[PDB]
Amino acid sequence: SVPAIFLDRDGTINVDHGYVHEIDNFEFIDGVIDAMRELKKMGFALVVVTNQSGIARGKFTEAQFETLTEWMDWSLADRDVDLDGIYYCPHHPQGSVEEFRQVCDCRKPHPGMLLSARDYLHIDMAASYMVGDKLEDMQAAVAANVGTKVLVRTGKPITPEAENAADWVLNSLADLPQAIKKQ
C-alpha cells in the first residue's frame, strides 16, 4: 500500500560515535534532516530500524534509549519530519543483561523489524528502500523483499561483502532524494 524508506540509525542518521545513547553525543549527519523531509514530501513513509545491542551489553538502558529516541523523534517532528515508525532490537545472544540475552527475530540480518513495520504500516516492500552502512542491513532488506538496497559511506568504511549485497552505494542518505528522482 505505501512505499517506505527504511533507515538504519547510527552511521546513517547520526554519526556513529560508539554506543550513542546521550543527546549530547547524537550528531545528525550533514543534510539528512533535509533529505528526510524531502523523502516525506515525495510521499515515502519513513521507518527507523536499528540494532541497539548496546542495551543487551549493559552499555546503556532501554530507558536511556527511549529518552534519546523521544528526543530524536521530537527534534525531527519539529523540523517537519514525522517518522512513521521507529523499531529497535535491544537483544544480543551474549547479552550481559539477562532480560535481553537471546537470539531474536528482530536483530538484523534477521528481517523481523522490517516485517513488523510492513504489517503495521501497510508498506509496499518492492517499492521501498533500505539505507544503512553494514552488510547486516542489506541482508535484512533482501530477506524482507525491499526493492532497492542502498549502502552509505557515512559510517563504517564499507566492506566488500556489504557492497556485494547492495544495489546502490551513496555517499550519504543526504544524496538519496536526488538519486531516487533520477529514476
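Position 1 is the first residue in the sequence shown; the rest follow in order.
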Worksheet item: What stretch has the higher average Cα B-factor here, 169-177 or 5-13?
Response: 169-177
Worksheet item: Can you tell me which stretch has the higher mean Cα B-factor, 108-116 or 91-99?
Response: 91-99
Worksheet entry | Selection from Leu46, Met130, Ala143, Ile158 [criterion: highest C-alpha temperature factor in the record] | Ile158
Fill in: Relative C-alpha B-factor of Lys149, binned into the chain's lowest, middle or highest third
lowest
Practice prompt. Just say lowest, middle or highest third for the CA B-factor of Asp82 relative to the other modelled residues in its chain.
Written response: middle
Item to complete: Classify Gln64 as lowest, middle or highest third according to the C-alpha B-factor given in the PDB entry, relative to its own chain.
Response: highest
Fill in: Cα B factor band for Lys41 (lowest, middle or highest third within the chain)
highest
Worksheet item: What third of its chain, lowest, middle or highest, does the C-alpha temperature factor of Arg57 fall into?
Response: middle
